[PDB]
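A quick write-up on the structure given underneath.
Each chain gets a letter, A, B and so on, in the order the sequences are listed, and its residues count up from 1. Hydrogens, waters and symmetry mates are skipped; everything else that's a heavy atom, side chains included, is used.
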Amino acid sequence: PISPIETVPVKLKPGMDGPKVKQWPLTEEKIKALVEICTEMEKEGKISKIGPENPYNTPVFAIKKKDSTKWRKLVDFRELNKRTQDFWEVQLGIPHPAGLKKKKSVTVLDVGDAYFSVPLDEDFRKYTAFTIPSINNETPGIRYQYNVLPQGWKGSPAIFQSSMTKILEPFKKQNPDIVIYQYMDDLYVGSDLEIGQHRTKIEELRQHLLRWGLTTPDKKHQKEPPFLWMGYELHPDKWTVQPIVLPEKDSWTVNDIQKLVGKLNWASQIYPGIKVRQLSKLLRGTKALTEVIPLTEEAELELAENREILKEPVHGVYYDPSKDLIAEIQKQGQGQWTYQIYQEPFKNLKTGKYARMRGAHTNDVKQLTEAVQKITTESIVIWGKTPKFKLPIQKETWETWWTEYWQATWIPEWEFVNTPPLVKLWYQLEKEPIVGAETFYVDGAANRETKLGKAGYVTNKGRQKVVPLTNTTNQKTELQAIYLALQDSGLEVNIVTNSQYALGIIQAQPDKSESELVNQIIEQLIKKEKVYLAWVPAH
Amino acid sequence: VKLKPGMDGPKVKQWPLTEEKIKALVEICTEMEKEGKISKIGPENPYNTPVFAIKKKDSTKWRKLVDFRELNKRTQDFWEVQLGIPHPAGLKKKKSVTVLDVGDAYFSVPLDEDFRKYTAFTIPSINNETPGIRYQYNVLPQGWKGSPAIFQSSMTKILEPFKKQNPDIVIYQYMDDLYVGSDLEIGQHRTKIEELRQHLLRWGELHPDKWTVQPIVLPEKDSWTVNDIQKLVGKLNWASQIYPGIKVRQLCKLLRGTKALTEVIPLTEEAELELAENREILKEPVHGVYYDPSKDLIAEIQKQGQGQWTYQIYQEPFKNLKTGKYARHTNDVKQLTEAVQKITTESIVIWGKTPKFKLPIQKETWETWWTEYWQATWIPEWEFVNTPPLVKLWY
DNA sequence: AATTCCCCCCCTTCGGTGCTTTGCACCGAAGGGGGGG
Ligand SMILES: Nc1ncnc2c1ncn2[C@H]1C[C@H](O)[C@@H](COP(=O)(O)OP(=O)(O)OP(=O)(O)O)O1
Ligand SMILES: [Mg+2]
Ligand SMILES: [Mg+2]
């Protein structure tokens with residue numbers, strides 16, 4: 001039935017009227033389904049007939065629920081959404097099974113007809129008017145309006161979530177020994193008090209919900225493991241995701257690659273070692289969503305490794321508050337990192353990957369710090385405590401970087417682990433000039449109006465070299481000058497330049513770059529054993 | 001109370017919180033709702049501000065802090081009786097400006113009914129088990145810039161009962177903290193203030209004399225290399241912007257030869273004269289560094305290593321109002337967080353308004369940890385700089 | 001043809017911002033996808 005919970009007052013944006021959109025021509029089977037739904041909806045008081053006193057309208061349509069044979073009635077409240085008052089959403093995230101503690105008895109419940117059990121504000125009911133089209137196509141049409149929360153309205157999800165919390169508040173307050181996870185109308189209930197006493201406490205919850213309008217049918221109420229909860233497969237001692245199936249097609253389109261990347265990102269949370277870097281770059285120039293895209297034999301390689309990983313069955317474990325959170329990080333190359341959070345060895349609470357590339361110039365140490373930051377904030381959400389890290393970087397390497405970087409960087413309590421792919425700074429700029437080596441006074445400048453310039457060095461020994469070049473800016477000329485100096489040098493070299501754009505790039509100690517010109521400079525700065533860079537005003 | 005003309009309310013999201021912070025924050029709000037200071041609201045209120053627990057040093061208890069920075073900027077200029085009644089000269093001078101907590105005074109005056117919507121905040125949940133619990137303030141909140149001004153009539157009336165029997169002491173109020181300075185010994189300055197706390201029970205230490213620094217003295221050397229002279233002209237061309245008139249003409253004409261960086265080149269008479277004279281120009285601050293209240297303060301921070309920092313408070317580029325250094329080597333965000341707090345306290349005592357920080361840190365690193373080592377009550381408005389500075393021009 | 005709504009995530013793209021050496025680096029919002037209800 002309809003719950004007696006007080007309705008949430010809602011307003012329209014100032015100076016805005018209700019929508020007047022027209023109904024689309026629906027097909028036969030959707031019209032018949034809509035008339036059936038609207039007839040029983042009207043009998044229970046969820047919708048009310050209207051007439052010529054209401055000038056508003058909005059198209060309606062239906063889709064099919066996961067469990068088919070049942071239709072979900074939706075309203076395209078797109079014009080009303082632009083005029084409705086703004087809301088503040090209270091759902092701040094998604095619960096994770098890795099954050100679940102071990103409970104002896106567990107029960108999962110689903111509220112039937114969630115939205116249609118919460119009343120809608122009486123002053124707002126006029127704007128929700130719609131019109132089920134003529135059965136077939138000849139009669140005038142029956143106009144209704146919503147007395148409950150409509151499906152498709154921007155305010156419905158926030159109103160229901162607040163209403164459900166108020167309904168559950170009396171029960172949780174008087175039963176503080178029972179954990180209740182609520183996501184919309186999904187209810188996960190688990191505790192001690194073995195199944196004999198657990199079911200008795202569950203019937204008290206269902207009776208409490210029924211008194212407050214909401215009904216939980218026995219078809220959606222699970223009593224024995226495994227429990228299908230929020231896409232997972234909770235077991236008494238472990239949890240796994242619900243099965244993930246990847247397409248096996250041979251002609252891949254842009255949309256198909258996008259679908260595959262999304263599923264692998266979803267699967268890369270309990271399955272370790274998933275990489276999507278080579279698959280993702282296939283979308284870096286595409287325009288249409290239905291063009292066939294070939295696989296570059298590197299995306300084929302990644303899709304073969306990912307398919308092998310997903311073939312074996314993996315599972316997670318439950319959080320133990322009386323133990324320590326440990327997170328290991330591994331470098332996968334090409335700016336890819338993986339991590340696993342565990343409390344006992346070889347028993348993962350959670351897994352994941354980090355592959356974002358921030359900035360046009362970066363190195364391994366900067367990326368590893370970014371990976372640690374992402375894990376730290378993710379761990380705070382799920383467990384409320386930061387984990388102990390096991391980074392593949394030596395303490396000396398980290399100590400040298402953070403005492404010389406111009407920014408402030410920190411990593412929480414961590415321990416070095418000797419996983420072969422170690423993180424290391426590749427070169428190091430000296431702090432004083434080299435005695436016994438040549439000095440290069442190298443810089444060139446281009447023109448702002450013709451787009452060409454020159455770049456070369458002058459040495460203290462008298463040698464020099466110049467090369468004109470076009471289609472390059474003033475900044476690009478300077479980088480080509482420094483690169484050129486490292487070219488025509490020995491093993492020890494002192495470089496003096498008259499602009500700071502190249503200095504900021506080079507002192508940052510990158511090992512990879514999104515610009516080609518910086519990349520060979522890195523290949524040159526690694527060969528030399530001692531390099532010193534000095535800046536001088538342009539005079 | 002009213003909002004700034006043609007504006008709206010805060011709409012900032014709430015960042016995740018530690019379990020200990022969440023557990024303490026919920027308990028604080030549970031005991032706060034029983035008193036009427038906050039009340040539960042729904043999602044129909046479109047405004048929100050962040051919140052976190054800020055347990056202070058030598059307190060062993062948690063304190064609720066609400067980020068009201070965005071609300072303060074959109075709130076119509078709120079007058080103490082005209083703006084802020086004290087502009088204390090002698091607070092920046094005396095000996096011992098003590099900072100004490102007002103804290104619970106605001107939780108007596110209810111807030112205007114129509115303005116209560118803007119002071120909305122959400123308490124998160126661990127592993128998102130329940131939707132966030134929303135609250136709004138009924139009493140004056142802590143952190144709002146208009147909150148001290150409403151209590152001013154109830155604040156300026158508890159000064160005379162003490163400030164009239166202790167005249168020369170200048171008491172300054174900024175947000176929920178009271179600054180009071182006395183040129184008394186630690187034995188006296190502590191006893192009298194102790195009664196001030198007792199005079200503020202039923203009636204419901206910074207030293208601004210070591211503040212000056214501002215040095216740019218050049219290094220002294222007998223054997224000068226071409227690289228060293230290169231490091232001087234570069235340092236004395238930027239310095240020609242801070243101090244107009246710095247003369248290096250003949251300190252560069254000896255750099256016209258393209259020899260090595262390790263050559264020991266002697267200085268001519270003109271170069272020695274110019275180098276010696278330019279020290280004198282560096283002994284006097286730039287003439288005409290005016291402070292006008294209609295502009296905003298900007299405070300850069302630079303990292304110098306070994307736990308040493310440096311800052312410059314200025315309203316106009318290359319017109320510095322106060323340049324200083326901060327000293328101590330295992331936590332970097334902890335040091336930077338403490339440096340920000342000291343700079344803000346200094347700016348309040350001198351000019352009365354918090355500056356705009358340009359933090360030398362990656363953006364994402366800041367929120368993850370700044371709430372951990374923070375111990376103040378106000379929050380300065382800050383922005384981040386993604387650019388490596390020049391060689392050490394302040395070290 | 002599709003036509004809906006809120007939340008989290010990832011990946012790519014484009015316009016605004018700041019310093020400017022008027023190009024180049026950062027960043028946030030909007031498109032696609034995954035998952036949940
Ligand atoms: N596609 C959707 N569009 C809009 N709202 C939706 C959609 N899917 C789910 N919701 C919202 C409205 C539902 O009332 C609420 C709960 O989801 P769900 O249980 O699937 O629906 P329901 O409770 O109406 O059906 P049932 O009676 O079968 O449980 O989530
Ligand atoms: Mg369901
Ligand atoms: Mg349901």
Between the protein and nucleotides 15-17 of chain C, which nitrogen or oxygen pairs come in under 3.5 angstrom?
none

Please write out the pairs of protein N or O atoms and N or O atoms of nucleotides 2-5 of chain C separated by less than 3.5 Å, giving the distance to one decimal.
{"residue": "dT3(C)", "atom": "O2", "partner": "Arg78(A)", "partner atom": "NH2", "Å": "3.4"}
{"residue": "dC5(C)", "atom": "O4'", "partner": "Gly152(A)", "partner atom": "O", "Å": "3.3"}

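Closest approach to the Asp186(A) side chain among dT12(C), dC11(C), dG37(C) is made by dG37(C) (side chain taken as heavy atoms from C-beta onward).
When the salt bridge (charged side-chain N to carboxylate O under 4.0 Å, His left out) test is applied to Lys259(A), no partner is found at least two apart in sequence or on another chain. When the side-chain contact (heavy atoms from CB on, under 4.5 Å) test is applied to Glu79(A), the partners found at least two apart in sequence or on another chain are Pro19(A), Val21(A), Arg83(A). For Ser162(A), there are no side chain to side chain donor-acceptor pair (under 3.5 Å) partners at least two apart in sequence or on another chain. Residues satisfying the side-chain contact (heavy atoms from CB on, under 4.5 Å) criterion with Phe318(B), sequence neighbours excluded, are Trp238(B), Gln241(B), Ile242(B). Scanning for side chain to side chain donor-acceptor pair (under 3.5 Å) contacts around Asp76(A) gives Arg78(A), with sequence neighbours left out. For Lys46(A), there are no side chain to side chain donor-acceptor pair (under 3.5 Å) partners, not counting sequence neighbours. By the salt bridge (charged side-chain N to carboxylate O under 4.0 Å, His left out) test, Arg358(A) is found to be paired with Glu364(B), residues two or more places apart in sequence or in another chain being considered. Looking at residues two or more places apart in sequence or on another chain, you find a side chain to side chain donor-acceptor pair (under 3.5 Å) between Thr450(A) and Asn447(A).
The same atom, P, is picked in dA29(C) and in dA1(C); the two are 35 Å apart, to the nearest Å. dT20(C) and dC26(C) are spaced 15 Å apart, taking the P atom of each and rounding to whole Å.
As rounded to whole Å, 13 Å separates atom P of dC11(C) from atom CG of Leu260(A).
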Tell me, for nucleotides 18-26 of chain C in 5' to 3' order, what letter each nucleotide earns: B for a base near a protein heavy atom under 4.0 Å, S for only sugar-phosphate near one, - for neither? ---BBSSSS
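Between the side chain of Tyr183(A) and the base of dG37(C), no donor-acceptor pair of N or O atoms lies under 3.5 Å.
Contacts between residues 85-100 of chain A and DNA chain C, defined by a heavy-atom separation below 4.0 Å, involve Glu89(A), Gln91(A), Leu92(A), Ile94(A), listed by number.
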